[PDB]
$ cat input-v7.txt   # compact mmCIF, C-alpha atoms
# COMPACT_ATOMS: atom_id res chain seq x y z
CA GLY L 1 0.00 0.00 0.00
CA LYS L 2 0.88 3.67 -0.53
CA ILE L 3 -0.80 6.68 1.25
CA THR L 4 0.08 10.44 1.30
CA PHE L 5 -1.19 12.86 3.98
CA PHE L 6 -1.42 16.64 3.36
CA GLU L 7 -1.75 19.34 6.05
CA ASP L 8 -4.19 21.38 3.99
CA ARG L 9 -7.28 20.57 1.97
CA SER L 10 -6.98 19.82 -1.76
CA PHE L 11 -3.57 18.16 -1.53
CA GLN L 12 -1.87 21.33 -0.39
CA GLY L 13 0.75 22.04 2.28
CA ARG L 14 3.28 19.84 4.12
CA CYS L 15 3.07 16.15 3.16
CA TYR L 16 4.13 12.68 4.26
CA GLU L 17 4.05 9.37 2.38
CA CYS L 18 3.69 5.99 4.08
CA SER L 19 3.85 2.43 2.72
CA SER L 20 3.63 0.34 5.91
CA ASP L 21 1.86 1.03 9.23
CA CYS L 22 2.88 4.00 11.41
CA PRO L 23 2.39 4.16 15.19
CA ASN L 24 2.99 7.94 15.26
CA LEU L 25 2.51 10.48 12.45
CA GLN L 26 2.90 13.53 14.73
CA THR L 27 6.65 13.82 13.92
CA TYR L 28 5.80 14.52 10.28
CA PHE L 29 2.68 16.72 10.39
CA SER L 30 0.42 18.44 12.93
CA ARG L 31 -2.92 18.31 11.08
CA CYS L 32 -4.31 16.40 8.11
CA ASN L 33 -6.85 17.96 5.81
CA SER L 34 -6.47 15.82 2.64
CA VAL L 35 -5.26 12.34 1.75
CA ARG L 36 -4.43 10.54 -1.52
CA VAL L 37 -4.42 6.74 -1.35
CA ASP L 38 -2.40 5.25 -4.19
CA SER L 39 -2.77 1.61 -3.10
CA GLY L 40 -4.04 -0.60 -0.28
CA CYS L 41 -6.58 -0.43 2.51
CA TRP L 42 -5.82 1.84 5.42
CA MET L 43 -7.23 2.50 8.86
CA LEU L 44 -6.52 6.04 10.05
CA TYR L 45 -6.70 6.98 13.74
CA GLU L 46 -7.44 10.18 15.55
CA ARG L 47 -4.64 9.48 18.07
CA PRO L 48 -1.15 7.94 18.11
CA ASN L 49 -0.84 4.16 18.71
CA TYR L 50 -4.10 3.44 16.92
CA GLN L 51 -6.50 5.01 19.39
CA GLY L 52 -9.51 7.30 19.23
CA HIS L 53 -11.71 7.54 16.16
CA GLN L 54 -10.99 5.25 13.19
CA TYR L 55 -11.45 5.91 9.48
CA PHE L 56 -11.43 3.40 6.65
CA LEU L 57 -9.72 4.58 3.47
CA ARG L 58 -8.85 2.85 0.17
CA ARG L 59 -7.57 3.94 -3.29
CA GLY L 60 -8.70 7.47 -4.16
CA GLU L 61 -8.63 11.22 -3.60
CA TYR L 62 -9.89 12.73 -0.38
CA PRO L 63 -9.80 16.52 -0.88
CA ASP L 64 -10.88 17.04 2.78
CA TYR L 65 -11.38 15.28 6.10
CA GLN L 66 -15.19 15.15 5.73
CA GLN L 67 -14.65 12.90 2.62
CA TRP L 68 -13.58 10.09 4.95
CA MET L 69 -16.25 11.01 7.58
CA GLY L 70 -13.63 12.63 9.82
CA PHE L 71 -14.43 14.22 13.14
CA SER L 72 -11.42 16.62 13.14
CA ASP L 73 -8.14 17.34 11.31
CA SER L 74 -6.38 15.05 13.82
CA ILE L 75 -4.71 12.05 12.11
CA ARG L 76 -1.96 10.62 14.26
CA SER L 77 -1.52 6.96 13.31
CA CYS L 78 -2.41 4.53 10.46
CA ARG L 79 -2.58 0.77 9.77
CA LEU L 80 -2.14 -0.84 6.44
CA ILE L 81 -4.83 -3.51 6.52
CA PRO L 82 -4.09 -6.94 4.98
CA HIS L 83 -6.16 -8.07 2.01
CA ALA L 84 -7.83 -11.41 2.57
CA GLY L 85 -8.86 -13.84 -0.18
CA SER L 86 -12.14 -14.61 1.55
CA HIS L 87 -14.16 -13.24 4.47
CA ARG L 88 -16.27 -14.98 7.12
CA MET L 89 -17.65 -13.78 10.46
CA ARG L 90 -20.38 -14.60 12.99
CA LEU L 91 -22.49 -12.03 14.69
CA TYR L 92 -24.01 -12.87 18.09
CA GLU L 93 -26.99 -11.45 19.94
CA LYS L 94 -25.40 -11.91 23.38
CA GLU L 95 -21.91 -11.52 24.88
CA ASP L 96 -19.61 -14.58 24.90
CA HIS L 97 -21.05 -15.99 21.64
CA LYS L 98 -24.53 -16.87 22.89
CA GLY L 99 -28.02 -15.95 21.70
CA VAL L 100 -28.99 -16.02 18.05
CA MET L 101 -26.26 -16.00 15.38
CA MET L 102 -25.81 -14.86 11.78
CA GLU L 103 -22.97 -15.81 9.40
CA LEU L 104 -21.49 -13.25 7.02
CA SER L 105 -19.19 -13.68 4.00
CA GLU L 106 -20.24 -10.56 2.06
CA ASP L 107 -20.78 -6.87 2.87
CA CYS L 108 -23.89 -6.15 4.94
CA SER L 109 -25.33 -2.64 4.60
CA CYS L 110 -28.07 -3.19 7.20
CA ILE L 111 -27.50 -5.67 10.01
CA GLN L 112 -31.10 -4.94 11.24
CA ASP L 113 -32.59 -6.33 7.98
CA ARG L 114 -30.62 -9.62 8.04
CA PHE L 115 -30.07 -10.12 11.77
CA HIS L 116 -33.22 -8.75 13.41
CA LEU L 117 -31.35 -6.82 16.06
CA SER L 118 -29.67 -3.39 16.28
CA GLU L 119 -26.80 -4.61 18.41
CA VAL L 120 -24.12 -7.26 17.96
CA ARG L 121 -22.93 -8.17 21.48
CA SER L 122 -20.13 -10.56 20.40
CA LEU L 123 -18.38 -11.57 17.18
CA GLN L 124 -16.23 -14.33 15.77
CA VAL L 125 -14.13 -13.03 12.89
CA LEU L 126 -12.91 -16.28 11.23
CA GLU L 127 -11.47 -14.82 7.99
CA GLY L 128 -10.60 -11.41 6.64
CA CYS L 129 -10.59 -7.99 8.16
CA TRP L 130 -13.77 -6.04 8.39
CA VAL L 131 -15.02 -2.61 9.32
CA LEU L 132 -17.99 -2.46 11.70
CA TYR L 133 -20.06 0.69 11.35
CA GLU L 134 -22.26 2.16 14.06
CA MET L 135 -24.87 2.96 11.38
CA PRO L 136 -26.38 1.33 8.29
CA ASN L 137 -24.90 1.99 4.87
CA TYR L 138 -21.37 2.50 6.16
CA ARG L 139 -21.98 5.68 8.19
CA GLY L 140 -21.11 6.70 11.81
CA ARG L 141 -18.25 5.53 14.03
CA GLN L 142 -16.09 2.88 12.35
CA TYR L 143 -14.29 0.02 14.11
CA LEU L 144 -11.64 -2.17 12.48
CA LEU L 145 -12.21 -5.86 13.10
CA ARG L 146 -9.49 -8.45 12.51
CA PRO L 147 -9.41 -12.24 12.72
CA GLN L 148 -10.17 -13.15 16.35
CA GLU L 149 -13.10 -13.43 18.69
CA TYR L 150 -14.66 -10.45 20.39
CA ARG L 151 -16.57 -11.50 23.53
CA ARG L 152 -18.17 -8.06 24.03
CA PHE L 153 -18.21 -4.58 22.39
CA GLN L 154 -15.29 -3.27 24.45
CA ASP L 155 -13.07 -5.73 22.57
CA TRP L 156 -13.55 -3.68 19.39
CA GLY L 157 -13.32 -0.25 21.02
CA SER L 158 -16.95 0.87 20.69
CA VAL L 159 -19.08 2.86 23.17
CA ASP L 160 -21.79 0.17 23.05
CA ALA L 161 -23.09 -2.82 21.03
CA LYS L 162 -24.91 -0.74 18.32
CA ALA L 163 -23.99 -1.82 14.75
CA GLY L 164 -25.66 -1.04 11.46
CA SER L 165 -23.33 -2.29 8.79
CA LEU L 166 -20.27 -4.40 8.07
CA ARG L 167 -17.72 -4.02 5.27
CA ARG L 168 -15.12 -6.62 4.16
CA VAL L 169 -11.70 -5.02 3.94
CA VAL L 170 -10.96 -5.56 0.21
CA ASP L 171 -8.57 -3.53 -1.93
CA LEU L 172 -10.06 -0.99 -4.39
CA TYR L 173 -8.60 -0.91 -7.91
$ encode --input "input-v7.txt" --output "C-alpha cells"
Amino acid sequence: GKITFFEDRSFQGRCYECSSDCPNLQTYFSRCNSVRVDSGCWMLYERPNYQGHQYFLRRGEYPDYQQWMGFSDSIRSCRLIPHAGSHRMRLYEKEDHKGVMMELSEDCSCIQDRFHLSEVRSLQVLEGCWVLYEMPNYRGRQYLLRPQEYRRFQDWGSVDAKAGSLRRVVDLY
C-alpha cells in the first residue's frame, strides 16, 4: 500500500508518504486535511498508537477530512490492513457468543434487515478484516475488526453494542 497525507485541503501544504503502518505520524505533520491513497486499505486513527476515532480509506482522492467522515483534522496513526482472499464472520446477539447468530461472507449494509437486532454483542471473525459501522450503509463511528473473537463490544473499542453495517476489507482498484 501507498498513502500520502497533506496538512491542507486539496492536496496542499506539508506532506508525508507511508507504505507500511505507522504508530505515530505527529513527527511529520500536525494536522491532516487531505489524503491521496495510491494503493491498499488503510485504517486512520485520531490518536497515536491506533486510538480514538478510526477511518477506513482505500484507493482514491480525499480533498478534505469530511470525505472520509472525519471528526477533526487530527490524524496521528495509520494501519495498512491486509487483504484477505475470503471473508467470514459470525455475529451474536449476546456476549460470549450466545443468543442467536448470523454468518457473514459478504458486505452487509443493514445488520437490522438480516439479523433482526440493532446490536451485535459478540463476534467471531474467522477470515478477513472487516469494518464495523455504528450505522447502516457505512456511516457513523467505524471500528476495524481483525481475525479473532470479540466476547463483548469493548473488545472492538466501541461505546456500546450498536452496529448497522459491516464491510469486508478488500482492496479498491
$ residues_around --input "input-v7.txt" --residues "region 37-43 of chain L" --least-positions-apart "4" --cutoff "8 Å" --atoms "all atoms listed in the file" --output "PyMOL selection string"
chain L and resi 1-4+54-61+78-83+144+169-173
$ atom_distance --input "input-v7.txt" --atom1 "CA of residue 117 (chain L)" --atom2 "CA of residue 84 (chain L)"
27.5 Å
$ closest_residue --input "input-v7.txt" --among "L:95, L:167, L:64, L:135" --to "residue 155 (chain L)" --atoms "only C-alpha atoms"
L:95
$ residues_around --input "input-v7.txt" --residues "region 10-25 of chain L" --least-positions-apart "2" --cutoff "8 Å" --atoms "all atoms listed in the file" --output "VMD selection string"
chain L and resid 1 to 8 27 to 29 33 to 36 48 to 50 62 to 64 75 to 80
$ closest_residue --input "input-v7.txt" --among "L:32, L:108, L:120, L:101" --to "residue 154 (chain L)" --atoms "all atoms listed in the file"
L:120
$ residues_around --input "input-v7.txt" --residues "residue 123 (chain L)" --least-positions-apart "2" --cutoff "8 Å" --atoms "all atoms listed in the file" --output "PyMOL selection string"
chain L and resi 89-92+97+120-121+125+149-152
$ residues_around --input "input-v7.txt" --residues "residue 138 (chain L)" --least-positions-apart "6" --cutoff "12 Å" --atoms "only C-alpha atoms" --output "PyMOL selection string"
chain L and resi 55-56+68-69+107-111+130-132+163-168
$ write_last_selection --input "input-v7.txt" --atoms "C-alpha atoms" --output "PDB file, in the frame of the given file"
ATOM      1  CA  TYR L  55     -11.450   5.910   9.480  1.00  0.00           C
ATOM      2  CA  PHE L  56     -11.430   3.400   6.650  1.00  0.00           C
ATOM      3  CA  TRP L  68     -13.580  10.090   4.950  1.00  0.00           C
ATOM      4  CA  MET L  69     -16.250  11.010   7.580  1.00  0.00           C
ATOM      5  CA  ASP L 107     -20.780  -6.870   2.870  1.00  0.00           C
ATOM      6  CA  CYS L 108     -23.890  -6.150   4.940  1.00  0.00           C
ATOM      7  CA  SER L 109     -25.330  -2.640   4.600  1.00  0.00           C
ATOM      8  CA  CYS L 110     -28.070  -3.190   7.200  1.00  0.00           C
ATOM      9  CA  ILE L 111     -27.500  -5.670  10.010  1.00  0.00           C
ATOM     10  CA  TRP L 130     -13.770  -6.040   8.390  1.00  0.00           C
ATOM     11  CA  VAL L 131     -15.020  -2.610   9.320  1.00  0.00           C
ATOM     12  CA  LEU L 132     -17.990  -2.460  11.700  1.00  0.00           C
ATOM     13  CA  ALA L 163     -23.990  -1.820  14.750  1.00  0.00           C
ATOM     14  CA  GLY L 164     -25.660  -1.040  11.460  1.00  0.00           C
ATOM     15  CA  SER L 165     -23.330  -2.290   8.790  1.00  0.00           C
ATOM     16  CA  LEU L 166     -20.270  -4.400   8.070  1.00  0.00           C
ATOM     17  CA  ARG L 167     -17.720  -4.020   5.270  1.00  0.00           C
ATOM     18  CA  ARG L 168     -15.120  -6.620   4.160  1.00  0.00           C
TER      19      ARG L 168
END
$ atom_distance --input "input-v7.txt" --atom1 "CA of residue 102 (chain L)" --atom2 "CA of residue 129 (chain L)"
17.1 Å
$ atom_distance --input "input-v7.txt" --atom1 "CA of residue 136 (chain L)" --atom2 "CA of residue 88 (chain L)"
19.2 Å
$ closest_residue --input "input-v7.txt" --among "L:124, L:147, L:72, L:160" --to "residue 98 (chain L)" --atoms "all atoms listed in the file"
L:124
$ axis_aligned_box --input "input-v7.txt" --around "region 80-99 of chain L" --padding-each-side "3 Å" --output "lines of an AutoDock Vina configuration file"
center_x = -15.1
center_y = -8.9
center_z = 12.4
size_x = 31.9
size_y = 22.0
size_z = 31.1
$ closest_residue --input "input-v7.txt" --among "L:45, L:153, L:143, L:65" --to "residue 96 (chain L)" --atoms "all atoms listed in the file"
L:153
$ closest_residue --input "input-v7.txt" --among "L:26, L:74, L:156, L:139" --to "residue 44 (chain L)" --atoms "all atoms listed in the file"
L:74
